[PDB]
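**Q** Take this structure, written in structure tokens, and hold onto it; I'll ask about it next.
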Amino acid sequence: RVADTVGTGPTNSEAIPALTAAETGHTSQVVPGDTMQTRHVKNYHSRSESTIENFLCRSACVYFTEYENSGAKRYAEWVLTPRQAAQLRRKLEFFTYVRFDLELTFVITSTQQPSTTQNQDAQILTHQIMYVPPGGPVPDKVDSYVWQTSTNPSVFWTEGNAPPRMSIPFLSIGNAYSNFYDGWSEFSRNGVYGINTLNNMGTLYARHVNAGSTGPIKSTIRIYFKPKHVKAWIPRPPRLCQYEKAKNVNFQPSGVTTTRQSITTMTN
Amino acid sequence: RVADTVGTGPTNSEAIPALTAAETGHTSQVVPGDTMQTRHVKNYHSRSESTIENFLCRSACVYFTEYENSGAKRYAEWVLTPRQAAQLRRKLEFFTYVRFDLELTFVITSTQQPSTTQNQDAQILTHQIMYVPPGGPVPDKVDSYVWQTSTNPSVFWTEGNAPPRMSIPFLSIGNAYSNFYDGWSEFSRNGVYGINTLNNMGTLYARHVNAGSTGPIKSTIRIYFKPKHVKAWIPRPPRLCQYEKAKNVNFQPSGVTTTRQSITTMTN
Amino acid sequence: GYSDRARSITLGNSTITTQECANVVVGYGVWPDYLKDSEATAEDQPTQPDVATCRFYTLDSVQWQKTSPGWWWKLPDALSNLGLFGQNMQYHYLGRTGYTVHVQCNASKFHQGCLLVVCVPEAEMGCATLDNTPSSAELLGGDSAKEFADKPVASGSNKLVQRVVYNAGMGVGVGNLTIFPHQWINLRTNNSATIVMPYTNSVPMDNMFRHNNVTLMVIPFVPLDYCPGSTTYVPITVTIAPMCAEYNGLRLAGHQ
Amino acid sequence: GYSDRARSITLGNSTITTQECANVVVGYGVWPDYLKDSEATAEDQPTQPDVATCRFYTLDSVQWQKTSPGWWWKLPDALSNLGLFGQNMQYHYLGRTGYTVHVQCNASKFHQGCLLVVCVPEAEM
Amino acid sequence: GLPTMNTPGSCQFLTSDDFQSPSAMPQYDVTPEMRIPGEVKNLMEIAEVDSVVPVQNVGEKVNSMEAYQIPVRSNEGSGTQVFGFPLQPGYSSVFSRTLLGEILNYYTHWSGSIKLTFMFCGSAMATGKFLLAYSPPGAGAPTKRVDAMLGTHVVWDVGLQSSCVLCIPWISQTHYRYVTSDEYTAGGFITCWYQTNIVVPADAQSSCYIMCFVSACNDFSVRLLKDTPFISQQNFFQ
Amino acid sequence: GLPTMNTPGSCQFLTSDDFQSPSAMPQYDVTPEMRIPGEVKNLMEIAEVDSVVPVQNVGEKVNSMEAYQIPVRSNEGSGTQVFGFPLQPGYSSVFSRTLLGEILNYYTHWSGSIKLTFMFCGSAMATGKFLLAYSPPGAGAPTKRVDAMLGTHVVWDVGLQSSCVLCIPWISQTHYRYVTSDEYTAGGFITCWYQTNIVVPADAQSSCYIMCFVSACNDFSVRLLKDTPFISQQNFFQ
Amino acid sequence: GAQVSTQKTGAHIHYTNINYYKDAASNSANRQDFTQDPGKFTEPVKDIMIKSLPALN
Amino acid sequence: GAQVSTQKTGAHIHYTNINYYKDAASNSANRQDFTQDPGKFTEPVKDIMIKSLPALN
Ligand SMILES: CCCCCCCCCCCCCCCC(=O)O
Ligand SMILES: CCCCCCCCCCCCCCCC(=O)O
């Protein structure tokens with residue numbers, strides 16, 4: 001609940017609430033009843049939508065990719081990294097360090113491709129999604145043994161029902177996920193610079209378990225993140241500039257803001 | 001429970017319950033046992049269907065619109081406004097101010113369009129519906145970045161199961177939704193006149209996430225409102241005339257009622 | 001002893017006396033009061049002019065003829081140019097007030113007629129051209145009354161109000177206007193009509209120039225009649241008293 | 001702690017701040033108040049506009065030159081056309097008020113001069 | 001996995017259902033409530049208020065204020081009729097457009113007593129006497145004052161108080177009636193007759209008007225919510 | 001088998017929902033927490049911090065540090081204007097890119113009072129007086145000091161403490177305003193005028209600069225989370 | 001924290017309800033609120049009018 | 001072991017919740033944690049600054 005205004009009256013004193021000194025790096029805690037006469041107002045507004053948990057706990061698409069039931073591109077791979085979509089990236093970069101659980105949701109949708117093959121009568125498609133932590137083997141092909149998922153987490157989904165969804169705990173060797181890193185991987189102060197140094201999150205693969213039809217089909221998978229139980233530290237200023245790559249903070253210089261006509265104009 | 005009639009007998013007195021004066025703007029509270037002899041009746045009828053919550057809490061179609069999986073019209077947009085359907089509009093306009101929660105239900109149905117394309121074997125269609133509050137970006141195209149819904153509420157629905165349904169809280173900067181507004185937007189007493197001045201409700205967009213087939217398909221979405229927890233003030237007379245537009249109270253003059261043959265005729 | 005016909009109302013430096021009147025109608029059961037602290041929004045301290053603004057302002061008279069469709073007045077606009085009430089509402093940004101409307105019409109025992117007096121909250125009116133919305137010069141005429149019509153207004157490419165009377169400009173049935181606070185002036189019984197309307201709105205305060213909260217409608221359901229030899233000029237007078245008027249947001253003078 | 005040079009005055013929706021000022025002069029020892037009942041004469045009820053009339057009105061500035069004899073202002077007339085104070089004094093017959101006059105002139109440490117500010121009651125000329 | 005079983009009626013959209021749904025805007029601060037005059041908690045608080053009845057809905061009279069006037073003048077005879085209409089509060093054109101009628105249309109069944117108030121709007125020198133009557137069904141409508149005198153009637157004496165009330169009681173075989181036209185639930189007939197005459201002096205108008213107001217009593221009730229056959233549209237409004 | 005019934009809204013993906021899901025990594029030991037300075041628990045702890053306002057966003061000045069400077073020099077006159085802009089904390093270019101503005105864009109409604117701090121950055125020999133003003137809507141913007149003096153104003157005397165505060169209070173008809181441009185919820189105008197003059201001695205600069213900082217008071221609040229219209233992308237970044 | 005209430009039954013049995021969501025805007029409609037007060041509209045006059053009394057005296 | 005808490009309702013009702021999984025990382029988001037402390041950022045100085053006092057004395 002926000003503070004309630006206190007009613008004040010006329011004053012003639014040596015107190016100076018308005019006069020301050022901003023060189024001390026301190027924000028003035030002046031209320032409106034210090035520079036004018038006010039009335040008593042009973043405020044009932046709540047700050048319940050400005051909480052970091054409410055500001056960040058909403059699903060967002062961070063990536064989508066395609067694969068086919070025939071031909072060359074038979075499976076899809078994606079090193080996990082949220083810095084490909086602009087919206088969630090810009091929301092998180094408000095802080096230097098964060099710490100949250102994750103809620104993953106996948107929207108898998110198929111489409112029939114144009115072709116001249118006849119007598120097509122497709123059976124329901126089943127998809128497999130597999131997570132490989134850094135260090136494990138990778139699926140060089142579509143029908144390789146790695147898809148046995150003896151230890152690797154994986155989800156089997158048949159087209160036509162509720163989208164698959166899982167919960168991931170805070171996976172980090174450190175005490176918090178670093179949104180920014182000012183340093184290198186090597187002690188020789190050369191090599192990889194920036195936050196790509198701390199991006200050791202694993203890889204996600206996706207395939208069709210059966211081909212379904214005799215004609216071509218392309219399946220697209222969209223990945224959705226949703227932070228839970230969020231903690232955050234050291235707020236930073238917003239990006240302002242437009243992002244360029246997913247591994248670094250590079251930008252093109254942009255003006256402070258948009259302009260107007262004069263210093264006295266009340267119009268954009 | 002309605003009141004119970006009291007049994008009365010013959011009277012000869014200077015009391016005058018029948019004689020009153022209607023110029024005082026007061027309705028006479030005369031019961032039938034004031035102008036005749038009655039018997040004692042134990043009434044058990046209830047006024048449980050005349051309540052505003054029961055009168056207004058029923059789903060109604062307020063709009064429907066179409067989009068396609070190919071071609072030009074690839075997505076659908078609709079500024080939220082209930083004054084397009086006559087039935088719910090006329091029910092609400094019984095009062096000057098209302099205040100309610102909302103229950104949204106969507107009936108999305110697809111149809112195959114006539115065409116000469118062959119070997120059509122469609123996969124299940126998934127739809128996305130997205131709400132943009134006033135101020136946010138808009139989807140200029142179908143595959144634009146705005147569909148990432150980082151903060152904007154949205155619903156993913158696969159054809160074949162229960163219709164999507166959500167709950168919306170009373171969203172208003174004021175203390176009640178104004179069904180009528182007698183004024184302008186500008187202090188210059190010119191510009192937009194009427195209730196269009198207070199219509200700052202956002203926009204709803206709808207699209208196909210996948211194309212499904214190689215042939216054409218048109219999907220229609222029907223929107224249903226259902227007020228809950230209703231409060232209402234200052235009852236008004238019913239419309240009588242037929243509505244013309246969605247933004248104003250314009251009408252064509254109509255007779256008070258329908259006619260009969262004479263002042264003594266007992267037939268329509 | 002005393003009678004129910006006689007009644008005096010004192011406000012400011014104004015006293016209204018009547019010797020043949022019906023009971024007073026008090027709004028929706030509510031008496032106009034001031035805005036409380038648990039219901040306010042604007043933080044600064046408001047100014048209450050009291051006697052200077054809460055008094056009886058009389059308007060021009062209109063003539064009741066044998067063929068008069070009726071009249072209406074946008075209450076806030078009607079007094080926007082009278083005394084210190086208009087000045088306070090011209091120098092401030094937000095305002096709040098209730099009203100006390102007294103309508104007077106006197107005639108003899110050989111005259112007949114019946115007038116409906118109704119305070120309609122948020123009487124949004126319609127245009128004769130479905131394409132546009134009506135002008136401010138058509139809707140609100142200050143320092144004067146606005147007349148209804150007996151026939152429908154023609155369409156075209158203008159911004160005229162649909163002043164047909166049996167539709168009340170609001171596109172309803174006129175006989176239902178008795179759902180709002182109302183009073184009948186019957187020449188054989190009544191003489192005047194008093195209505196004490198409180199502040200109705202969906203916000204705690206409002207700008208008083210671009211929004212009209214209520215509207216006074218006077219319609220003669222039963223026409224005026226008499227026999228040759230009696231008085232032919234019969235006027236109708238309207239007196240409005242603001243009640244518990246307060247103002248917030250002092251600024252420069254003007255309305256733009 | 002605080003100093004005697006700094007002083008803020010709040011009236012209505014107006015606040016005056018000063019960082020180099022002398023002590024305030026309060027009339028003849030009396031602070032402006034309202035008319036009491038044992039001292040009134042007019043029988044009807046008066047109207048007190050309060051915040052709308054009791055606030056700081058600034059006037060035009062005058063230039064202090066090396067050869068300026070001086071200036072004067074008839075206090076009641078000066079504000080007869082400003083805000084709601086002028087309107088209330090234009091629609092009424094009798095009025096009663098005290099005043100708070102703040103005169104400001106700033107210059108550097110390399111300027112010199114001295115101005116006398118005096119509130120003269122009933123200065124018949 | 002708790003073993004369950006789905007019953008007929010799953011994944012169906014019944015428009016009059018009552019469930020719980022996930023909120024689209026979670027943890028949203030709703031604007032506080034303020035006190036607004038005239039809060040409505042039931043539709044029978046509206047139907048219990050008077051409203052003027054258009055009895056003279058004959059010809060072009062519906063396009064004026066003449067529909068609400070009931071003409072009554074000096075008659076060189078006695079016992080003639082003033083007006084008549086049936087007790088059909090939601091179907092007859094006399095009643096289907098009033099506040100009571102309008103609210104009744106949204107429902108299928110109604111019950112309770114009815115109030116008809118009459119206001120005399122002549123001069124203070126006119127005097128009269130009228131005989132308001134209600135006749136339950138079973139015979140026709142009464143065609144003279146000797147047939148209307150036998151029902152539920154009031155004799156209205158005109159003077160000072162210029163307003164009389166005729167209460168139509170509930171005389172039915174069922175608990176409820178139908179809002180639509182149905183012979184099995186016929187209501188009866190309401191008529192008005194001259195008791196003596198309207199008498200005036202010289203230099204006064206021998207033609208006056210009456211006005212009618214209809215409302216409902218405390219026992220009034222409605223059931224079966226339905227759509228009103230008045231409003232209609234061809235395409236979505238814009 | 002416990003007999004159940006599915007309701008409308010099953011197998012749907014509402015992005016703002018709150019349920020429980022099976023964990024992919026069961027019985028996983030999470031790294032212990034450590035104490036990090038500067039923990040944030042609300043977005044209004046950030047908006048309540050000052051940030052410099054680019055008032056001189058005119059022409060090429062946006063591509064330098066001149067956007068943040070407000071030029072004030074010695075004037076051979078009096079009562080002229082220094083600057084002016086509208087009270088639109090999230091839509092006007094003066095305010096849309098500051099910490100307050102940035103946070104406001106992610107929401108639809110705002111409420112509360114505003115702080116504008118001004119720092120004078122001349123020499124210790126310069127003296128001045130200024131008249132900061134806020135005018136609620138209803139008229140235009142004030143065009144002279146005789147029209148700005150009538151609103152909520154402060155007279156800033158320049159000396160020693162080189163920083164004054166103008167608090168813009170909440171003067172609205174609604175509880176909340178809109179972050180986007182809407183006439184129904186217009187805010188007002190903020191202007192600054194010369195009270196007397198900037199006076200300097202010889203061998204000192206007669207041209208100085210002022211700086212502005214904006215922040216929110218204790219009563220500030222936001223509602224309706226939405227997407228910001230600033231960030232955008234054409235293809236997935238790499 | 002189940003809420004047991006009474007069902008709508010004829011004249012001349014209970015049901016159970018549980019709230020599953022933390023937003024009060026998700027609950028079921030308030031169907032049983034049979035409270036009426038027609039006095040704001042039917043009789044809004046300043047002076048009381050006894051039924052068996054001359055309205056004008 | 002059900003947990004009954006209060007719902008988010010307007011100003012001027014309860015809900016029930018049960019945990020089904022043994023991993024605390026599967027629970028619902030912590031929406032109602034309205035705790036703010038802006039003193040780390042707005043006023044981080046070593047010496048206290050009284051509002052109605054000259055910042056530099
Ligand atoms: C069967 C699929 C299981 C998928 C398991 C995914 C586990 C890895 C989750 C990666 C989360 C990355 C969070 C980065 C946060 C940051 O640094 O900003
Ligand atoms: C994913 C879709 C979410 C949709 C969210 C819709 C939120 C806006 C609801 C608009 C309600 C408008 C009520 C108008 C009432 C009135 O003024 O009569």
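Residues in the structure tokens are named by chain (A, B, ... in the order shown) and by number from 1 within that chain; ligands are numbered from 1 in the order shown.
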Counting only C-alpha atoms and all ligand atoms, what are the residues, protein, DNA or RNA alike, that approach ligand 2 to within 6 Å? I want them as an mmCIF file with N, CA and C atoms, in the first residue's frame.
**A**
```cif
data_model
loop_
_atom_site.group_PDB
_atom_site.id
_atom_site.type_symbol
_atom_site.label_atom_id
_atom_site.label_comp_id
_atom_site.auth_asym_id
_atom_site.auth_seq_id
_atom_site.Cartn_x
_atom_site.Cartn_y
_atom_site.Cartn_z
ATOM 1 N N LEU B 80 -11.307 -3.666 -28.634
ATOM 2 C CA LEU B 80 -12.372 -4.256 -27.786
ATOM 3 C C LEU B 80 -13.492 -3.233 -27.601
ATOM 4 N N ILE B 129 -3.987 -16.067 -29.820
ATOM 5 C CA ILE B 129 -4.727 -14.839 -29.573
ATOM 6 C C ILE B 129 -3.906 -13.983 -28.623
ATOM 7 N N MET B 130 -3.789 -12.696 -28.965
ATOM 8 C CA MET B 130 -2.897 -11.797 -28.195
ATOM 9 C C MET B 130 -3.607 -10.487 -27.858
ATOM 10 N N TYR B 131 -3.473 -10.018 -26.620
ATOM 11 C CA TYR B 131 -4.068 -8.775 -26.154
ATOM 12 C C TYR B 131 -2.979 -7.731 -25.989
ATOM 13 N N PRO B 153 -0.454 -10.483 -22.459
ATOM 14 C CA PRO B 153 -1.155 -11.749 -22.241
ATOM 15 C C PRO B 153 -1.536 -12.364 -23.597
ATOM 16 N N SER B 154 -1.499 -13.694 -23.696
ATOM 17 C CA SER B 154 -1.809 -14.407 -24.961
ATOM 18 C C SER B 154 -2.230 -15.852 -24.672
ATOM 19 N N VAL B 155 -2.969 -16.475 -25.594
ATOM 20 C CA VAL B 155 -3.457 -17.872 -25.383
ATOM 21 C C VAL B 155 -3.187 -18.713 -26.637
ATOM 22 N N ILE B 168 -10.958 -11.614 -16.641
ATOM 23 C CA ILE B 168 -10.375 -10.243 -16.696
ATOM 24 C C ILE B 168 -10.917 -9.459 -15.500
ATOM 25 N N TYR B 177 -17.418 1.769 -14.967
ATOM 26 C CA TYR B 177 -17.474 1.878 -16.444
ATOM 27 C C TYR B 177 -18.677 2.751 -16.796
ATOM 28 N N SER B 178 -18.444 3.846 -17.521
ATOM 29 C CA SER B 178 -19.545 4.763 -17.916
ATOM 30 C C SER B 178 -20.193 4.270 -19.209
ATOM 31 N N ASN B 179 -21.479 3.919 -19.169
ATOM 32 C CA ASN B 179 -22.196 3.456 -20.387
ATOM 33 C C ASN B 179 -22.529 4.679 -21.243
ATOM 34 N N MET B 201 -10.040 0.977 -24.046
ATOM 35 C CA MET B 201 -9.758 -0.477 -23.913
ATOM 36 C C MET B 201 -8.829 -0.884 -25.057
#
```
**Q** Kindly provide, as a PDB file with N, CA, C and O atoms, in the first residue's frame, the residues of chain D having any atom no farther than 9 Å from an atom of chain H, counting only C-alpha atoms.
**A**
```pdb
ATOM      1  N   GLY D   1      22.008  21.487  12.100  1.00  0.00           N
ATOM      2  CA  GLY D   1      21.555  22.806  12.585  1.00  0.00           C
ATOM      3  C   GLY D   1      20.947  23.636  11.468  1.00  0.00           C
ATOM      4  O   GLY D   1      20.909  23.149  10.322  1.00  0.00           O
ATOM      5  N   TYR D   2      20.495  24.850  11.788  1.00  0.00           N
ATOM      6  CA  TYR D   2      19.903  25.750  10.764  1.00  0.00           C
ATOM      7  C   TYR D   2      20.513  27.145  10.917  1.00  0.00           C
ATOM      8  O   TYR D   2      21.123  27.425  11.968  1.00  0.00           O
ATOM      9  N   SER D   3      20.332  27.996   9.902  1.00  0.00           N
ATOM     10  CA  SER D   3      20.854  29.388   9.939  1.00  0.00           C
ATOM     11  C   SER D   3      19.682  30.374   9.943  1.00  0.00           C
ATOM     12  O   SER D   3      18.550  29.948   9.643  1.00  0.00           O
ATOM     13  N   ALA D   6      18.594  31.568   5.849  1.00  0.00           N
ATOM     14  CA  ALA D   6      17.638  30.744   5.070  1.00  0.00           C
ATOM     15  C   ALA D   6      16.234  30.841   5.675  1.00  0.00           C
ATOM     16  O   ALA D   6      16.120  30.778   6.909  1.00  0.00           O
TER      17      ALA D   6
END
```
**Q** Using DSSP secondary structure from the backbone, list all helix (DSSP H, G or I) positions within region 15-115 of chain E, as a PyMOL selection string.
**A** chain E and resi 43-45+59-63+66-68+99-105
**Q** Restricting the calculation to only C-alpha atoms: of G:30, G:35, G:16, G:3, which residue gets closest to chain E?
**A**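 Smallest separation from chain E among the options: G:35.
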**Q** Select residues of chain A: the criterion is any atom within 8 Å of an atom of chain B, counting only C-alpha atoms; output as a VMD selection string.
**A** chain A and resid 58 to 62 87 to 88 109 to 114 116 to 122 159 to 161
